[PDB]
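Working notes for the structure below.
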Amino acid sequence: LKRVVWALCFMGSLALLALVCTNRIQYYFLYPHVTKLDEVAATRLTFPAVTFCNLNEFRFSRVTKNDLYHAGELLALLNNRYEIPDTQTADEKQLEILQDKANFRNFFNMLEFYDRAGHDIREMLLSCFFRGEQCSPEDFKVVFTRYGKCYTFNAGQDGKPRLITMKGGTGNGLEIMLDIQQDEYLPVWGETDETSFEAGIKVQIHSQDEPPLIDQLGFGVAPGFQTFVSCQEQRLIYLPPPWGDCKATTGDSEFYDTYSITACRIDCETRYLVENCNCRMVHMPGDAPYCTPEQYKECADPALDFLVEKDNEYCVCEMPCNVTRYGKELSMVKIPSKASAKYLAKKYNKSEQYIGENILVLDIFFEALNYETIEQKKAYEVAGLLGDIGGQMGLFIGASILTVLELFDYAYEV
Amino acid sequence: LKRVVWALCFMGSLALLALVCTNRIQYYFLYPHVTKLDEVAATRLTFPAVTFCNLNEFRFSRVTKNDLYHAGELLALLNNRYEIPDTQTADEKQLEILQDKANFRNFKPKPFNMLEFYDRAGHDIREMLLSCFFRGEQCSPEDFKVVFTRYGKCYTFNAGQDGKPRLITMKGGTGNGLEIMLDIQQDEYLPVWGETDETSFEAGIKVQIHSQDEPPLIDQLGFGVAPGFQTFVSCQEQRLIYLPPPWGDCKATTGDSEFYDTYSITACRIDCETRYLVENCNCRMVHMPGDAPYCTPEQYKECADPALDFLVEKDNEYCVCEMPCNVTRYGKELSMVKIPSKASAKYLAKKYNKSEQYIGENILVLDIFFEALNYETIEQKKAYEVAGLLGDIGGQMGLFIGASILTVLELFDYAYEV
Amino acid sequence: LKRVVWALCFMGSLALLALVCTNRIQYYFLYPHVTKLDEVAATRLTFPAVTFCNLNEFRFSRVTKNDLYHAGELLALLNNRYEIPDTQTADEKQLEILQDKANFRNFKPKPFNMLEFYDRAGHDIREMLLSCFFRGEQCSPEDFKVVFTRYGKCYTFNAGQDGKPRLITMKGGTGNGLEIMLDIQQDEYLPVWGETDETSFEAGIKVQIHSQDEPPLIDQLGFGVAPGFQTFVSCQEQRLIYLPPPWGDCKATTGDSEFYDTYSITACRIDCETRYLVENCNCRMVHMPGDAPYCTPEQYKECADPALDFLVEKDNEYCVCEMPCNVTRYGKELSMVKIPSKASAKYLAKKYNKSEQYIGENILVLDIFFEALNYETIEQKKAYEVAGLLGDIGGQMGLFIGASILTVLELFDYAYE
Ligand SMILES: *[C@@H]1O[C@H](CO)[C@@H](O[C@@H]2O[C@H](CO)[C@@H](O)[C@H](O)[C@H]2NC(C)=O)[C@H](O)[C@H]1NC(C)=O
Ligand SMILES: *[C@@H]1O[C@H](CO)[C@@H](O)[C@H](O)[C@H]1NC(C)=O
Ligand SMILES: *[C@@H]1O[C@H](CO)[C@@H](O)[C@H](O)[C@H]1NC(C)=O
Ligand SMILES: *[C@@H]1O[C@H](CO)[C@@H](O)[C@H](O)[C@H]1NC(C)=O
Ligand SMILES: *[C@@H]1O[C@H](CO)[C@@H](O)[C@H](O)[C@H]1NC(C)=O
Ligand SMILES: [Ba+2]
Ligand SMILES: [Cl-]
Ligand SMILES: [Cl-]
Ligand SMILES: [Cl-]
């Protein structure tokens, strides 16, 4: 009777060992991870790259008759028949100018047009200060995006050293006073695809390793306010397969030195436009030929829109394992104060109304001298699995790997 | 002498096995969990439900003499004695209109209902909605569903209720989302001539982005949007998975309420309020769902409001709402630009037959979108399972004395024989 | 032949046991942690402390002839030669006041104190606070406690100091929190007639929401609020628990500061600054606490500012502040509505005896509240404790060779012979 209960105990015990052991086996083969949050204090933080565009693509005073002829339909100033839109709510001077530029009696490169006709940082930048020291417009690098001629501070490209800040708070960062030049905005007399009612700027704070994608990743800043942007640096570490989904091999594209999800997106877009239309848009990089305004209308735009809708699987961009992101909180104060409106108006030779409708101050800084780290960490390593299987194997039947080998011997002999 | 060193080694080893084993056992009965954060890319994201209210509860031009009679004291337009309060800063025309509506001489009171009053006197979306765009294509006011909240007649875009299928977005960024130009109609706001608790100085709208599975709770979970700016809202979809007891505190059971199909903490709160008011005052407020009779303004004054305040103050034990295990939250970042530009002010004023002053002080543009086509997942994960517990106890039990459950069974064998 | 294959199995098994065992040992000695996020519903929340400053440091109408004499150069009202700068784009009356105040002819100076000057010249809460409400009941200016910061005379609601009990809120949403209507008094702002480093063009207030256990740090940790809007601030209470060494880097000890009862990273920062300024310049600025003598504007000019700037870069290793293990933080989301409505603009103008222009450029309403009655917890949790190490080592030690600590002790016993 004792040997019978002993045998049943060995059978049931081996069953428990079976289900527990297979439990840990399957759990290990889920390849699970868990998240580790940490906050790291530092004596220094590398200041990010800040790209901003004016919401107005190009200045009205810099457009010429040839530009109206070639790109008049694309810029939405002229119709398909090369005629002025509805004369409702048209400035007399503006309408006379446009009719004169559209004489088209006895009368082009897209990047020339954007580079020359776009808003000049030398006129927009009323003041610049970085860590309390003056900066020049030469510090901003020209980048061409969907919004037109845009500028990036602390771009760190072409070998320029990335800036550091050794103090946190509103004073110790980038601080620019900009004039959005609302008088240069395209007159809107009729509904158009490009028609916009907004006035202000659009900003993206990003690491120097990734290109700007300001039409998607940007936030707005309105004139008449000083907006503060508190940034918090975040360092993210992901896991490759089979744990997570990250790109272990960087596989950097020829266009950009460092791989980024954004750079992969605009690379896919450029390649698609080159394949379908044999030309590239203004924002796209490389040495490829730029599109003509006729090419824009009949090929480029429908190809991009069709690329978004028709085949979303075609452009699959994996996320890199090391990603530096910047968190940001916005707040505003009124500019200018009643005590300062007169001095600004006289300093920049403008009316007090103009200052009210055209001046914005951007204040970008790190809240404190620290950065957060978010790391995906493996939850079950092979040592832990062998340890658990060994522990349960020794608790339930007390066997070992040598024991199973010896059982194969005794079974083999008999 | 060797048997003494063996006895000491076995005793100390058995003690260490005791405290370490009880350590791992107690850790298991804490039922600990740790968090797994992940970011998942998707080719499509279901666009959320967007509820917005005007900060002004009802339009001044739509209020009638009967409304002043029944709900005049509640609407704060008339005093307790059915007479107009202090006329400070009163436009002659507006004050004459109100004085005419409050004549109450040989007046036969018509029947009055709170939901009728809010439904007709509230701001009409057909008048507020100057333009709507979703994914670059036009939307109708028919996409907006009428929802009654504490703020009055409010509207929910993409509510996904009453059999309408929920909208999706296949691209991220400012263009590819909801974008509505609204006229808040500041001319219809109730005149404020005397100070009161209900008096407010704000002008604009209030918006809540929420899942279609939960009803709006705009008085608590909404953010404000001011006229004169285009406000961008970047959203990040978050999928949360919690653990039930004894690991965490979540609602494991579906717990369907009579009022709402899917369980949500918001639905649990407004359900608790509805039940409390129905039992205490035998009437229901405007925002509450069900089939109960709505309160009369007398019931509002003498029962409903003090009943809700007393429910909030006396004890939270009556309404204890646990969070469901599967929760979809939407994160949002706000930014602003000025509207309209000088190049557009005249065109807007002429397009909607208003003065440029009016456009400047009444037009707001709301742009709601997903920053990118991905969603975050936050999952509570169990940290110590019974297989791992048995593995650790077996490992240490085998390390210190090298015994097994069969070994302890044999020692109990000799104990039974003894 | 059987003993040879057995020997190969025992050798490979002992090698694998070696590398796996050293693996778990090294993983334990990394002292790793992982994070536990949780959300807890609550019936009550302790309302935080709210500090706000006017962006204008001191009122122009309260500055006196003696103040101009001693601190005229420091306040940027007077030039290096104690003379008014260029009068370009200066209102005739506005400049007349200053020219009369800066006469300095047959003027017999009187004693001067920087903290008296800020306390008397700063914006008075009794004039700024147009209305106050907490949980729907009225509050007085006496509820705000005076704190001196780099921005000047500032105020803290629900400071919980001097024996006052901390306030709680039992409901979430816009109504059920602090709600103040403020007049920033833009007419009292310092005139800006000439370019200077100290010149600023902003108008408004700056707010910091913080725990009562920490002093404000508004020059670094504050956000702005603009006039002409009601700004809603939704707060989310976060409770954080960190690990001390060797797992993480937190304050294991109480860390008693001389100036503050409770330790906070901010209190550590202003402590480092105050001590440094007392050692190098023998005086403290207005914002600094303690019992040292306050600096004179000459001391400010020739010692204090360059000493602080030298402290930032040269001694960046010198001020190291460790983070406390238990920290209550408040997260915030900002949104705005327009104030006043056309239906209320004139009523406000007559209620406060001001023009509608003034109301438009001077009135702001701040609405601070909890989004919901819950709090998040973020805890660093030890990932590998010694019990788990011993369990894993025993499991693998028993799987590969089937040995125990008694087995190795017996092997050393036989080796002893
Ligand atoms: C909560 O969400 C999870 C998925 O995130 C649901 O789990 C799925 O349940 C269905 C059954 O209806 C299975 O077919 C799927 O395979 C499950 N997915 C996973 C990943 O396990 C879960 O059912 C949801 N819970 C509730 C109450 O809705
Ligand atoms: C990624 O970043 C971490 C710091 O966050 C660094 O230690 C590591 O070397 C980087 N590279 C890789 C491949 O992890
Ligand atoms: C100042 O503005 C006026 C008005 O346009 C202009 O005529 C004048 O040239 C400007 N002065 C300078 C120095 O540019
Ligand atoms: C514009 O509105 C006013 C207000 O009543 C009306 O009198 C006028 O006829 C309207 N104009 C047009 C063109 O509809
Ligand atoms: C209102 O202010 C004016 C000056 O602006 C003053 O003359 C008048 O006495 C004030 N009235 C009251 C009641 O304070
Ligand atoms: Ba020195
Ligand atoms: Cl998992
Ligand atoms: Cl736990
Ligand atoms: Cl580690």
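Pick out, in residue order, every one of the chymotrypsin sites (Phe, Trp or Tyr not before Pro) in segment C:279-332 that is DSSP loop and has at most 16 other C-beta atoms within 10 Å; say none if there are none.
C:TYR318
Would you tell me the mean number of C-beta atoms belonging to other protein chains that fall within 10 Å of each C-beta in A:181-187, as a whole number?
Whole-number average of other-chain Cβ neighbours for A:181-187 is 3.
Excluding same-chain residues fewer than 8 positions from A:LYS342, which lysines have a Cα within less than 18 Å of its Cα?
Straight-line reach from A:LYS342, under 18 Å: A:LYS334, A:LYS350, C:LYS93.
Helix B:405-417 versus the longest principal axis of chain B: what angle, 0 to 90°, nearest 10, using Cα atoms?
That helix lies at roughly 60 degrees to the long axis.
Run the numbers on segment B:231-328 and let me know its relative contact order in percent, using alpha-carbon pairs under 8 Å that are six or more apart.
Here the relative contact order equals 39 percent.
What is the Cα centroid distance between segment B:210-262 and segment A:330-378, reported in whole angstrom?
Between the Cα centre of segment B:210-262 and that of segment A:330-378, the gap is 33 Å.
What percentage of all Cα-Cα pairs in segment C:132-278 are separated by more than 19 Å?
For segment C:132-278, the share of Cα pairs beyond 19 Å comes to 66 percent.
Largest first and to the nearest Å, give the Cα extent of chain A along each principal axis.
114, 53, 40
Could you list, bin by bin from short to long, the percent of Cα-Cα pairs of segment A:59-212 in 10 Å steps?
With 10 Å bins starting at 0, P(r) equals 9, 32, 29, 17, 10, 2, 0.
If every alpha-carbon in segment A:319-382 counts as one equal scatterer, what log10 I(q)/I(0) does Debye give at q = 0.12 1/Å?
Log-scaled intensity ratios, in q order: -0.58.
Mind checking the angle between helix B:2-29 and chain B's longest principal axis? C-alpha axes, 0 to 90 degrees, to the nearest 10.
Its long axis makes an angle of about 20 degrees.
Using the alpha carbon gyration tensor of segment C:242-325, what are the three equivalent-ellipsoid semi-axes (square root of 5 times each eigenvalue), largest first, in whole Å?
28, 15, 8
Of B:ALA159, B:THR89, B:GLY175, whose Cα points farthest to the positive end of the dipole of segment B:71-183 (charges on the beta-carbon: +1 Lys, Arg; -1 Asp, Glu; origin at the Cα centre)?
Looking along the dipole axis, the top candidate is B:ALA159.
For the pairs A:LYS167/C:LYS382; A:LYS141/B:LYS206; B:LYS251/C:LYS171, note any where the Cα-Cα span goes beyond 28 Å.
A:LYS167/C:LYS382; A:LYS141/B:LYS206
Any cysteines in the protein assembly as shown with zero other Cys Cβ atoms under 4.7 Å from their Cβ? List them, or say none.
A:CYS9, A:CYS21, A:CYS231, B:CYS9, B:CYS21, B:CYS235, C:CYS9, C:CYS21, C:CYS235
With Cβ to Cβ distances under 11 Å as the rule, what net charge do the other residues near C:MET128 carry (K, R +1; D, E -1)?
Its environment carries a net charge of -1.
Taking every pair of distinct Cα atoms and averaging 1/r, then inverting, what Kirkwood hydrodynamic radius in Å comes out for segment C:229-277?
After inverting the mean inverse Cα-Cα distance, the result is 13.8 Å.
Please list, ordered by chain and number, the residues whose modelled amide H lies under 5 Å from the amide H of C:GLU214; skip anything fewer than 5 residues away on the same chain.
Correct list: empty.
What residue among C:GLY394, C:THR253, C:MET288 has its Cα farthest toward the positive end of the dipole of chain C, where the charges are +1 on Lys, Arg and -1 on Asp, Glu, each on the Cβ?
Highest projection toward the positive end goes to C:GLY394.
Simple spin-label model, 7 Å along Cα-to-Cβ: C:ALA252 to C:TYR31 in nm?
Reported label-point gap for C:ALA252 and C:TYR31 is 0.8 nm.
Taking 20 °C and 1.002 mPa s as the conditions, I'd like the Stokes-Einstein D for segment C:270-417 in µm²/s, using the Kirkwood hydrodynamic radius from alpha carbon pairs.
After rounding, the answer is 88 µm²/s.
If you scale each eigenvalue of the Cα gyration tensor by 5 and take the root, what three semi-axes come out for the protein assembly as shown, rounded to whole angstrom and sorted largest first?
59, 38, 37
Among C:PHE10, C:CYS303, C:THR149, flag the residue with its Cα farthest along the positive direction of the charge dipole of chain C, charges on Cβ as +1 for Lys/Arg and -1 for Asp/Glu.
C:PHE10
Within chain B, what percent of beta bridges assigned by DSSP are antiparallel, to the nearest 5?
Antiparallel bridges: around 80 percent, rounded to the nearest 5.
For helix B:305-314, what angle does its Cα long axis make with the longest principal axis of chain B, in degrees from 0 to 90 and rounded to 10?
Computed tilt is about 20 degrees.
For segment B:65-82, just list the computed ³J(HN,Hα) in residue order, Karplus coefficients 6.51, -1.76 and 1.60, θ = phi - 60°, integers in Hz, with x standing in for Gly and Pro.
4, 4, 4, 5, 5, 6, 10, x, 5, 5, 6, 6, 7, 10, 7, 5, 8, 6
Only four residue types carry charge here, +1 at the Cβ of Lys and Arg and -1 at the Cβ of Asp and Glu. Report the dipole size of segment C:242-325 about the Cα centre in Debye, rounded to the nearest 20.
Value, rounded to 20: 120 debye.
Assigning unit charges at the beta carbon (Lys, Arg +1; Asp, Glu -1) and nothing else, what dipole magnitude in debye, to the nearest 20, does chain B show about its Cα centre?
With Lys and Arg at +1 and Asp and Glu at -1, about 1080 debye.
Once you sort the root eigenvalues of the Cα gyration tensor of segment A:295-337 as a ≥ b ≥ c, which label holds: rounded (a/c under 1.5), prolate (a/b larger than b/c) or oblate (the other case)?
Note, shape of segment A:295-337 comes out oblate.
Just to compare against my own numbers: the Cα pair-distance distribution for segment C:47-110, 10 Å bins, whole % per bin, please.
Reading the bins upward from 0: 18, 47, 21, 9, 5, 0.
Over the protein assembly as shown, what is the percentage of antiparallel beta bridges among all DSSP beta bridges, to the nearest 5?
Percent antiparallel among DSSP bridges in the protein assembly as shown is about 80.
When the dipole is taken about the Cα centre of segment C:121-193, and only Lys, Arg (+1) and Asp, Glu (-1) are charged at their Cβ, what size is it in debye, to the nearest 20?
Value, rounded to 20: 420 debye.
None of the figures in this text is laboratory data; all of them are computed from the coordinates on show. Ideal geometry is used to build each Cβ from the backbone, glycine not excepted, and the neighbour counts take in all protein chains shown.
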